[PDB]
Amino acid sequence: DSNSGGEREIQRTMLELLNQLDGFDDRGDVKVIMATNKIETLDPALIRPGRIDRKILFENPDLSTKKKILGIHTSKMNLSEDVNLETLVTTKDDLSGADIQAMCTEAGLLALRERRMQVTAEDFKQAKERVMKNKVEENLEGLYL
Amino acid sequence: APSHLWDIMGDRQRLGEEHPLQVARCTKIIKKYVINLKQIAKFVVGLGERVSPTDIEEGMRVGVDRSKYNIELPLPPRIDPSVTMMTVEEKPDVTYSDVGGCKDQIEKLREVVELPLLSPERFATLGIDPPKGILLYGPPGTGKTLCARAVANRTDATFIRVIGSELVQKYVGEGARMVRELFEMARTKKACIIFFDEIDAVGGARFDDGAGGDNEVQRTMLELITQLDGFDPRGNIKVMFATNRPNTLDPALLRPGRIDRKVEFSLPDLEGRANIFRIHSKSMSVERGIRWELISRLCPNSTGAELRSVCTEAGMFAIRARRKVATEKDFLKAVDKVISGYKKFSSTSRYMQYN
Amino acid sequence: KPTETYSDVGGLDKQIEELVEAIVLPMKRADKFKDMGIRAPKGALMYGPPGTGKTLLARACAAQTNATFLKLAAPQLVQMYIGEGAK
Amino acid sequence: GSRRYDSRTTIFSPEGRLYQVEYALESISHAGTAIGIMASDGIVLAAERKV
Amino acid sequence: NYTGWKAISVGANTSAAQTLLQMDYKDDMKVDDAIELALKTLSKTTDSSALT
Amino acid sequence: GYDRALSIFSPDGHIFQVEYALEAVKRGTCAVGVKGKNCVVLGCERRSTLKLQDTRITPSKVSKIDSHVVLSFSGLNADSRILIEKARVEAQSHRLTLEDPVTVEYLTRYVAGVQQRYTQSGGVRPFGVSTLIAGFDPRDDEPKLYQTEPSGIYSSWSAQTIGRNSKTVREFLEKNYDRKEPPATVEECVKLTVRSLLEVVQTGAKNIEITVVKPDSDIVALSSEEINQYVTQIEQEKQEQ
Amino acid sequence: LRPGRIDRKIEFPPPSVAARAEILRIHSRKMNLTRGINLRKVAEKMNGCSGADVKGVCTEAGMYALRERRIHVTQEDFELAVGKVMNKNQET
């Protein structure tokens, strides 16, 4: 509400991106990438079908993929002997790739208060519970159990 | 190296007291010429040495000397706008044969544009009036802009492509000047072509109530209509209106006399989509003995932009599937990929009929 | 003077007589209107649907009358400078 | 015309779900909470009033 | 849509209340022990300071 | 009441209400089933997002329409109840009207026929639920597995899956399973259903529910302990082979 | 709200009687005071006041001292300062 286009600036700004991807003469050098949470609300004419031949969908990873993702963030992290990677993945339920890094960052902050070189297993238990509760708010959306 | 040859004239074309000229415009002509400067200052002078009395015209930029003001050389008017200098393109890559299909929508555009330019004496025998404007809208993705660049190739003259968001400027009232910038070059450069892209953001008839600011857009058309059809019926070249939203356009803009030939693109049928894959068969790699009529038949009615994506993706299966050249098996996978796989948004395919 | 006259259209004679009594008769007959004590008309609004008459009949008024014509466009009166539109 | 004022309360979204049903689920989070537990000898119910 | 639930929480802080109820849930929990578990959840998950 | 027609033809010839309703199934639980010589099996999964669900008081994913025929739905668990209740009333109505027990072919045409009404009735929306009707006709030992699509089209399938990760399971049923040579025993039909659920459930136990349908009005649902017995034997023959 | 942007969310509780007791003495430390007052008694009369309201009482404490033309601030000014600030919060 601090920027007023009067609904007329809506088309002039959006169609400018459309005319540069269609009417503009190019041999295919310019590569324009567009991504956001939901692209369905956007005008599909602005998407300019036939110029973009790649539609990539992303979903939540399974238990097999999260084991590889968890090892990436913990590669540079010092872990104790009792901490197992397969244990934390089993606890993770309905989490994306950003939720996995949040637990590794929060677990590092819990041990940062006590200033420990190797993060024990008690810090990961308290970190995984606070992320999925206070940090991540899981709504119902489409559910029907 | 080339600078040494021009240094010989440096004793004349540089040190001379003539060249330091002050550019201005003559407001009043008495046959005493009242000339207004850029500093908001005016004066009255006569002719010069080589200045002809018939060269000075009303409302034309006329350069004068800096010290003692005297008319020296005339200059073309409308020197302020720098925007329309970049609107003229040169040699578009799309040729006349790049449009796929034998569809008669091609024959209608060449007779109302290319025919009077190439053969102006053909219609002069019957004593008729060639159509001034045309109409091309269609659904998005049919290659409408390809037909705009195809006519510019055969024309071999000045072509102007105007963006729908280019006319509206950052000030109120400057958009009215933007319209006079286009039609001024029509008299300067004869036998050219002007093109408007996405005229919906330009076109008026937005009424009034509830926005309060919609009157800034409609004033561009009121200047555009006046400069097109005015009091004095001034016109030469052809005007092209193109947009993807025919519903939001001014119903007065769609009325004839500013537009005669109306051509709306449609969905190519089994015979129409057949030539789309044939013009693309000359490119890429096509296996000998493959019938493209079965590929276009399995694909339902859709826009031409999604038809070229089939041939583009068909060559991409050989990389992952370990193939030499694109075969018929990889063509069937593109039907379930380019069409059936992409059915979720990111497409028009007759999505917007009106809004 | 333009090249357009009143003979290039038909069926509009009903609206043509309205323009004759507006910008035409007060030119020659101004001496007659002063005797009746009535003021000459200052103008008339012509709208209709777009594409009928309008600028065409204005050309016939600037031709047969054989007088000076000065065109002033409404959309040309909007400028970015304050006061330039009123100037 | 009755088509304009009708907001089409029940329609399928492009994602394959319902609009007003997803919006009705948010009203539960903005309302009073309700908690219950099924024990061996009975069931304990609990809630809290808002405002 | 409806199914059976041993311990369910529907309302404000749905995922926050179900976390504390799942860890302390027991199959041998009686009625007196179930009241304490449901009461301690409302205290931590509310928006107030004290609990009346 | 509400007479406004929700179903409108798209300019391409499709229907927005019918097309968008098909995605309610693809977002639902995977329902896969196979049929043998004398037997037929219908498997289904469960959502692992929420726990502490009592199994006894939870309604089964495979609803029993009659003794010799059952129904297995997927997608939305809400609109599926309307199709199940009206199919059970017709089961007693057809038994009362024609004095004949209902068959699998008639029950499929009824469930698909009801869905075709809401698409053609102004003021209602089509079902986003896909149901799998399987059973044995009276005095017939040949299993009949009919798929019911939300669009109203019914078809017979030896092995077919619906729900999320459908394209993954369909490719699994077109290779390891043969339509011309189905298994002749019940144990082989159960092991094939478990393997089809390993690519979706992803190492789970209480989330797998398999219902075995047998002729002569015999319905036996595999418990949690009986399903895990087949999982142990498959995992030993999977990584080792 | 989702992680990856804000890694720490700190909830600020509203000031209390014990909280405003230590805040009142800091803002008043830059001006003249009187040992005959009470730190927790002045903050006890105020309820639900923000940090700007505590500074407002300290700022207005010297305003009433200018009317009496005195260089000290006694309990008479604090009683008048609180009554003026409490009326501003309840207004509009």
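- By the method listed in its record, cryo-EM, this PDB entry was determined to a resolution of 3.8 Å.

## Overview of the overall build of chain B
- Assigned secondary structure in chain B consists of 10 helices and 11 strands.
- Its C-alpha atoms give chain B a radius of gyration of 27 Å, more than 25% over the compact-globule value 20 Å for 355 residues.
- Among the 355 residues that make up chain B, the fraction classed as buried is 42%.
- Surface summary for chain B: the accessible area is close to 21100 Å², and the carbon and sulfur share equals 50%.

## Considering empty space enclosed by the protein
- Estimated volume of the largest cavity: approximately 180 Å³.
- Considering the residues around the largest cavity, the lining is formed by 16 residues, among which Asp22 of chain A together with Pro140, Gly141, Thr145 and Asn244 of chain B are closest to the centre.
- Those elements giving two or more residues to the lining of the largest cavity turn out to be α1 (8–21) of chain A together with α3 (144–155) of chain B.
- Roughly 70 Å³ of internal volume is contained in the second largest cavity.
- As for the second largest cavity, its lining consists of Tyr96, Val99, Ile106, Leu109, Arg110, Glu114, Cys147, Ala150 and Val151 of chain B.
- The set of elements that each furnish at least two residues to the lining of the second largest cavity consists of α2 (105–118) and α3 of chain B.
- Per-element tally for the lining of the second largest cavity: the top contributor is α2 of chain B, with four residues.

## Observations concerning the interface of chain A and chain E
- Taken residue by residue, the interface counts six residues in chain A and six residues in chain E.
- On inspection of chain A and its partner chain E, the count reaches zero salt bridges.
- When its residues are assigned to classes, the side of chain A that touches chain E shows three nonpolar, no polar and three charged.

## Let's talk about the side chain of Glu45 of chain F
Residues and elements named next belong to chain F.
- Following the sequence through the fold, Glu45 ends up in strand β2 (residues 40–45).
- Here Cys30 takes part through its backbone nitrogen, which lies 2.5 Å from a polar atom of the side chain of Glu45.
- Within the structure, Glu45 has its side chain in polar contact with the side chain of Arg164 (distance 3.2 Å).
- In contact with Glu45, other than residues within four places in its own chain, are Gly28, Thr29, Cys30, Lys61, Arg164, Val200, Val201 and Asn207.

## Describing the interface of chain A and chain B
- Counting residues at the interface gives 25 residues for chain A and 34 residues for chain B.
- Buried surface at the junction of chain A and chain B, summed over both partners, amounts to about 2800 Å²; 51% is from carbon and sulfur atoms.
- Inspection of the chain A/chain B interface yields three salt bridges.
- One salt bridge in this structure joins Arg245 of chain B and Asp43 of chain A, with 3.2 Å as the shortest N-O distance.
- Elements with a contribution of two residues or more to the side of chain A that touches chain B: α1 and α2 (44–47) of chain A.
- In terms of residues, the side of chain A that touches chain B owes the most to one element, α1 of chain A, which gives seven residues.
- When its residues are assigned to classes, the side of chain A that touches chain B shows eight nonpolar, five polar and 12 charged.

## Comments concerning the side chain of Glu23 of chain F
- Its location among the elements puts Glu23 of chain F in helix α2 (residues 23–26).
- Within the structure, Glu23 of chain F has its side chain in polar contact with the side chain of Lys26 of chain F (distance 3.2 Å).
- Here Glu23 of chain F is in contact with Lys344 of chain B together with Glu15 and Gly16 of chain D, once residues within four sequence places are set aside.

## Side note on the packing of helix α6 (residues 186–197) of chain F against helix α7 (residues 224–238) of chain F
Residues and elements named next belong to chain F.
- Relative to each other, α6 and α7 sit at 70 degrees, their axes nearing to 10 Å. As far as their axial angle goes, α7 and α6 are roughly perpendicular. In this structure, α6 meets α7 at a crossing whose hand is right-handed. Between α6, through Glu187, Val190, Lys191, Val194 and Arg195, and α7, the contact on the second element is made entirely by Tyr230, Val231, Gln233, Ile234 and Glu237.
- Residues of the contact of α6 with α7, tallied by class, amount to five nonpolar, one polar and four charged.

## Thoughts on the nonpolar core
All names here are of chain B.
- Counting 26 residues, the largest nonpolar core has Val162, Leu167, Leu182, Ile194, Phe196, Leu224 and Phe241 as its most contacted members.
- Elements represented by at least two residues in this core include exactly β8 (159–163), α4 (174–188), β9 (193–197), α5 (215–228) and β10 (238–242).
- Of the residues forming this core, the biggest block, six residues, is contributed by α4.
- When residues no more than four places from it in sequence are discounted, the contact partners of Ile194 are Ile160, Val162, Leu182, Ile237, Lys238, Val239 and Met240.

## So, the state of the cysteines
Residue and element names in this part refer to chain G.
- This structure, assessed with the given rule, holds zero disulfides over all chains.
- With no disulfide partner, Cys58 has as its closest neighbouring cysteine sulfur the one in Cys49, 12 Å distant.
- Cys58 sits in the buried class, given a relative accessible area of 3%.

## So, unusual backbone geometry
- With a phi angle near 60 degrees, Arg322 of chain B is a residue other than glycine that sits in the positive phi range.
- Looking at where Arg322 of chain B falls in the secondary structure, it is placed in the loop between α9 (317–320) and α10 (328–339).
- A residue is classified by how much of its surface remains accessible, and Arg322 of chain B, at 72% relative accessible area, is exposed.
- The phi dihedral of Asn165 of chain F is positive, around 55 degrees, even though this residue is not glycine.
- Tracing the backbone through its elements, the reader meets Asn165 of chain F in the loop between β8 (159–162) and α5 (166–173).
- On the basis of relative accessibility, which here comes to 40%, the residue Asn165 of chain F falls in the partly exposed class.

## Observations regarding helix α6 (residues 270–279) of chain B
- Along α6 of chain B, the positions that sit buried rather than exposed are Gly272, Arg273, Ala274, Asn275, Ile276 and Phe277 of chain B.
- Check the buried side of α6 of chain B and you find it contacts α7 (293–298) and α8 (304–314) of chain B.

## Section: the pattern of salt bridges
- Under the counting rule described, the total for this entry stands at 34 salt bridges over all chains.
- Of the charged contacts in the structure, one is a salt bridge between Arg27 of chain A and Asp29 of chain A, with a shortest N-O distance of 2.4 Å.
- Within this structure, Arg54 of chain A together with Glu313 and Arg320 of chain B form a network of salt bridges that share partners.

## What about a nonpolar patch on the surface?
All names here are of chain A.
- A cluster of nonpolar side chains, contributed by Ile10, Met14, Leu17, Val30, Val32 and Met34, occupies part of the molecular surface with about 530 Å² of accessible area.
- Locating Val30 in the fold gives a position in the loop between α1 and α2.
- Note on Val30: relative accessible area 54%, which makes it exposed.

## A word on the packing of aromatic side chains
- Considering all chains together, one arrives at eight aromatic pairs over all chains under this definition.
- Here the aromatic rings of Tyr118 of chain F and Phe127 of chain F are separated by 4.9 Å at their centres, their planes lie at 80 degrees, and the arrangement is edge-to-face.
- Relative accessible area serves as the criterion here: at 5%, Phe127 of chain F is assigned to the buried category.
- Among the aromatic residues, those joined into a cluster by ring pairs are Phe277, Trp292 and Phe331 of chain B.
- Over the ring of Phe345 of chain B we find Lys55 of chain A; its NZ or CZ atom is 4.8 Å from the centre of that ring.
- Over the ring of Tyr144 of chain A we find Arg47 of chain F, and its NZ or CZ is 5.6 Å from the ring centre.

## Digging into the UniProt feature "binding site: ATP" in chain B
Residue and element names in this part refer to chain B.
- UniProt feature "binding site: ATP": in the numbering of this structure it lies at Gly138, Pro139, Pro140, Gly141, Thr142, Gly143, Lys144 and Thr145. Of the annotated residues named above, the ones that line the largest cavity are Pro139, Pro140, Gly141, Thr142, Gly143, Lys144 and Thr145.
- By secondary structure assignment, the location of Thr142 is in the loop between β7 (133–136) and α3.
- Setting aside residues up to four positions removed in sequence, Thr142 forms contacts with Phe265, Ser266, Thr303 and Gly304.

## Details of the arrangement of the chains
- If you rank the 10 pairs of chains in contact by how many contacts each has, first place goes to chains A and B.
- Between chain C and chain D there is no contact, and the shortest C-alpha to C-alpha distance separating them is 26 Å.
- No part of chain C reaches chain F; the closest C-alpha pair between them is 32 Å apart.

Definitions and limits used
Residues numbered from 1 in each chain as written, not as in the entry; some residues may be left out. Chains lettered and ligands numbered in written order. Part of a larger assembly, values for the part shown. Heavy atoms only, no water. Helix = DSSP H or I, 4+ residues; strand = E, 2+ residues; numbered from the N terminus. Rg over C-alpha atoms; globule rule 2.2 N^0.38 Å. Buried < 20%, exposed > 50% of the residue type's maximum accessible area, 1.4 Å probe, protein only. Areas by Shrake-Rupley, 256 points an atom, 1.4 Å probe, with all protein chains shown as cover. 1 Å grid on protein atoms, 1.4 Å probe; cavity = no way out; pocket = protein on both sides within 12 Å on 5 of 7 lines; lining within 4 Å. Points joined across faces, edges and corners; volume = space filled by probe spheres on them. Contact = heavy atoms within 4.5 Å. Salt bridge = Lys/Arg side-chain N within 4 Å of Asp/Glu carboxyl O. Nonpolar A, V, L, I, M, F, W, Y, C, P; charged D, E, K, R; others polar. Polar contact = N/O pair within 3.5 Å; in protein donor to acceptor, adjacent residues only side chain to side chain. Buried area = accessible area lost by both parts, 1.4 Å probe. Axes fitted to C-alpha atoms, helices over the stretch in contact; angles between N-to-C directions. Parallel < 35°, antiparallel > 145°, perpendicular 65-115°, else oblique. Left-handed = near helix turned anticlockwise from the far one by under 90°. Core = buried A, V, L, I, M, F, W, Y, C linked by side-chain atoms within 4.5 Å. Disulfide = S-S within 2.5 Å. Patch = residues over 30% accessible without salt bridge, like charges linked within 9 Å, V, L, I, M, F, W, Y side chains within 5 Å. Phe/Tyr/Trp six-rings, centres within 6.5 Å; stacked < 30°, edge-to-face > 60°. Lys NZ or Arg CZ within 6 Å of the ring centre and 35° of its normal. UniProt positions renumbered as here; feature names shortened; annotations may be inferred.

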